[PDB]
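Under PDB author numbering, the residue at position 53 of the sequence shown is numbered 53, and the numbers go up by one with no gaps.
Below is one structure, written out as structure tokens; comments come after it.
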Amino acid sequence: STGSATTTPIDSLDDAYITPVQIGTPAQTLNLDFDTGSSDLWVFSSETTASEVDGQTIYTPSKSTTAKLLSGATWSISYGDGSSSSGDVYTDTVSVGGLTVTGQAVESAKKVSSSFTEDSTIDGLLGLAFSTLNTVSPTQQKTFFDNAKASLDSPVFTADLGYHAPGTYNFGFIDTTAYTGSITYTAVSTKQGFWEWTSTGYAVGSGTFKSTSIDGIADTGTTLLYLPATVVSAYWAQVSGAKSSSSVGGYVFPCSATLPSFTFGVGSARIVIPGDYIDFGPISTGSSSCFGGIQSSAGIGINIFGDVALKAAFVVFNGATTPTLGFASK
Numbered sequence: 001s002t003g004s005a006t007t008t009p010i011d012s013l014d015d016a017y018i019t020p021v022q023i024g025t026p027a028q029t030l031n032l033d034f035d036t037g038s039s040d041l042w043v044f045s046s047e048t049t050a051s052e053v054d055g056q057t058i059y060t061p062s063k064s065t066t067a068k069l070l071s072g073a074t075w076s077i078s079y080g081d082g083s084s085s086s087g088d089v090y091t092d093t094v095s096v097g098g099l100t101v102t103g104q105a106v107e108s109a110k111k112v113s114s115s116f117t118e119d120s121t122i123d124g125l126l127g128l129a130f131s132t133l134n135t136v137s138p139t140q141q142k143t144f145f146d147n148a149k150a151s152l153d154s155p156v157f158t159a160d161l162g163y164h165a166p167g168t169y170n171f172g173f174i175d176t177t178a179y180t181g182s183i184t185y186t187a188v189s190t191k192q193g194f195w196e197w198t199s200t201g202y203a204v205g206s207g208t209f210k211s212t213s214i215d216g217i218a219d220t221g222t223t224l225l226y227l228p229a230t231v232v233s234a235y236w237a238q239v240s241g242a243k244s245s246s247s248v249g250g251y252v253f254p255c256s257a258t259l260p261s262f263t264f265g266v267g268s269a270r271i272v273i274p275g276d277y278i279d280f281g282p283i284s285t286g287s288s289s290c291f292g293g294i295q296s297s298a299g300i301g302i303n304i305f306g307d308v309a310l311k312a313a314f315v316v317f318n319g320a321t322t323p324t325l326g327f328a329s330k
């Protein structure tokens, strides 16, 4: 089997991407944030504290003839921004782009933090990291991909995120028309539960390539590109007036700037992030200070190849017995 679904930016900055997901019988379609950096499929639901729901579409298990309470199971998760959610668990039928999994754990939120409530466009998350990170207790649950894998034509999914435009998540096949040149594959460590890999270096603008190993995660659920302070300083030094602002919480730059590109290495191959991808717009409405899309990972504990990086590539998440990652230009 295969599946193919379009993923759409939630706003004009590509702060996140939403993908429609069918849950239950009859189908209830929710728009979920596909997150290769976590491993829980959780939704706003009829059980979510009413004051914490503001415009989201909810899953109502009592209206699904295939929903079953997973008795005793609870979940609770925190994210990279200090946002969180928790609740109980159902199993139900879940379909993405024509690919159906029966008995998928659907984690129903009883509580969500303000950041989730405030974002009307995201109805929940669909985790695509390794199932070892799944938070369901006392019986850990599998991701949608893990459940689908054996049935897929090939045990892979691909992320093809757009810049200020829709893109695609495919399951079970590689669309050879969706990228240019060849796909370069690189080793993955699953030891921390992430799609963790090692970039071979970087360049800033038309500058020379610096060969240096940068361990990090391929994370569709993080907006920005988080890299070591040395690398990030080298980038922003090429932008007149750019500075790190403790008050704002990262590098800012004059909105009048033209940003240089940023290149990262995948083995001997190179992925070029155009400068425009690195602009996250005014820090507050009407400001002439703009927020940077490349930020320091210092104090996170890991480097994160988030949407800024991934959207410059066609990315293969190869879930074969020994997982790997593939990157192609597009």
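The C-beta atom is built at its ideal place from N, Cα and C for all residues, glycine as well.
Comparing alpha-carbon positions, which option in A203, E52, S115 lies nearest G80? Nearest to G80 by alpha-carbon distance, out of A203, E52, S115, is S115.
Quick test of the definition: if touching needs 3 or more C-beta pairs under 8 Å, does the stretch 142–154 touch the stretch 241–258? The stretch 142–154 makes no contact with the stretch 241–258, as fewer than three CB pairs between them are under 8 Å.
message = Can you look up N134 in the DSSP assignment and give me helix, strand or coil?
response = It is coil, neither helix nor strand.
Cβ-based neighbour list, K149, same chain, cut-off 8 Å, excluding 5 preceding and 5 following: In the same chain as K149, and ignoring 5 residues on each side of it, the C-beta atoms closer than 8 Å to its own belong to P155, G319, in chain order.
Looking at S329 and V232, is the spacing between their C-beta atoms short of 8 Å?
-> Taking C-beta atoms as the reference points, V232 and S329 fail to come closer than 8 Å.
Candidates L225, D175, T100: closest to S1 by CA position: Comparing Cα-Cα distances from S1 to each of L225, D175, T100, the minimum goes to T100.
- Helix, strand or coil at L128 according to DSSP, with G and I counted as helix: In this structure, DSSP gives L128 a state outside helix and strand, which the three-state scheme calls coil.
- Hey, is the stretch 88–107 in contact with the stretch 137–145, meaning 3+ C-beta pairs nearer than 8 Å? Put simply, the stretch 88–107 touches the stretch 137–145. At least three CB pairs are less than 8 Å apart.
**Item:** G124 burial status per 10 Å Cβ neighbour count (16 or more: buried)
**Value:** Buried, by the Cβ-count rule.
Looking at the strands, I want to know which residues DSSP matches up with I294. Its beta-bridge partners are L225.
Next on the checklist: Helix, strand or coil for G326? Go by DSSP, reduced to three states.
Outcome noted: Under the three-state reduction of DSSP output, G326 falls in the strand class.
If we count Cβ pairs, one from each stretch, closer than 8 Å, do we get three or more for the stretch 8–17 versus the stretch 70–88? With a cut-off of 8 Å on Cβ pairs, the stretch 8–17 is not in contact with the stretch 70–88, counting fewer than three such pairs.
| Hey, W75 and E107: beta-carbon distance below 8 Å or not? | Yes, they are a contact pair.
**Study point:** Three-state secondary structure assigned by DSSP to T200
**Key:** The three-state secondary structure of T200, taken from DSSP, is strand.
- With burial defined as no fewer than 16 other Cβ atoms inside 10 Å of the residue's Cβ, what is the status of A203: buried or exposed? The Cβ neighbour count for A203, taken over all protein chains shown within 10 Å, is at least 16; the residue is labelled buried.
Given that a residue counts as buried once 16 or more other Cβ atoms are within 10 Å of its Cβ, and exposed if not, what is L69?
-> An exposed status is given to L69, since fewer than 16 other beta-carbon atoms sit within 10 Å of its beta-carbon.
Are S240 and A257 touching if we call contact CB-CB under 8 Å?
Going by C-beta atoms, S240 is nearer than 8 Å to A257.
From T263 to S289, what does the alpha carbon distance come to, in whole angstroms?
Whole-angstrom Cα-Cα distance: 24 Å.
* Mind checking whether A73 and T139 have CB atoms under 8 Å apart? -> Yes, Cβ-Cβ distance for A73 and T139 is below 8 Å.
Q. Leaving out five residues before and five after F209 in sequence, what residues of the same chain have Cβ atoms less than 8 Å from its Cβ?
A. Taken in chain order, the residues that qualify are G201, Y202, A203, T263, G265, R270.
Return the chain-ordered ranges of every alpha helix (DSSP H) run that is complete within the stretch 225–277 and spans a minimum of 4 residues.
Note on the stretch 225–277: whole alpha helix (DSSP H) runs with a minimum of 4 residues are 229–236, in chain order.
Item to check | Whole-Å CB distance - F314 paired with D160, under 8 Å assumed | outcome: The C-beta distance from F314 to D160 rounds to 5 Å, short enough to meet the 8 Å contact threshold.
Self-check item: Beta-carbon proximity check, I304 vs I217, cutoff 8 Å
Solution: Yes.
query: The alpha helix (DSSP H) with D279 in it runs from where to where?
result: No alpha helix (DSSP H) holds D279; the beta strand (DSSP E) holding it covers 279–282.
Q | Proximity of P166 and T60 at Cβ, strictly below 8 Å | A | A distance of 8 Å or more separates the beta carbons of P166 and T60.
- request: Mind checking which residues open and close the alpha helix (DSSP H) that includes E118?
  value: 114–118 is the extent of the alpha helix (DSSP H) around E118.
### Task
Within 10 angstroms of the Cβ of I300, are there 16 or more other Cβ atoms? Answer buried if so, exposed if not.
The residue in question, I300, is exposed, as its Cβ has fewer than 16 Cβ neighbours within 10 Å.
| said: Which complete beta strand (DSSP E) runs does the stretch 16–85 hold, if anything under 3 residues is left out? | reply: With a minimum length of 3 residues, the continuous beta strand (DSSP E) runs that stay inside the stretch 16–85 are 17–23, 28–35, 41–43, 68–78.
Quiz item: Would you call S211 buried or exposed, if buried means 16 or more other Cβ atoms sit within 10 Å of its Cβ?
Solution: Exposed, because fewer than 16 other Cβ atoms sit within 10 Å of the Cβ of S211.
Going by Cα to Cα distance, which pick from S39, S46, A234 is closest to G207? Comparing Cα positions, the closest option is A234.
Neighbourhood of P274 by C-beta, 8 Å cutoff - its chain only, sequence neighbours within 5 removed = Once the five neighbours on either side are set aside, the close Cβ partners of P274 are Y163, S261, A312.
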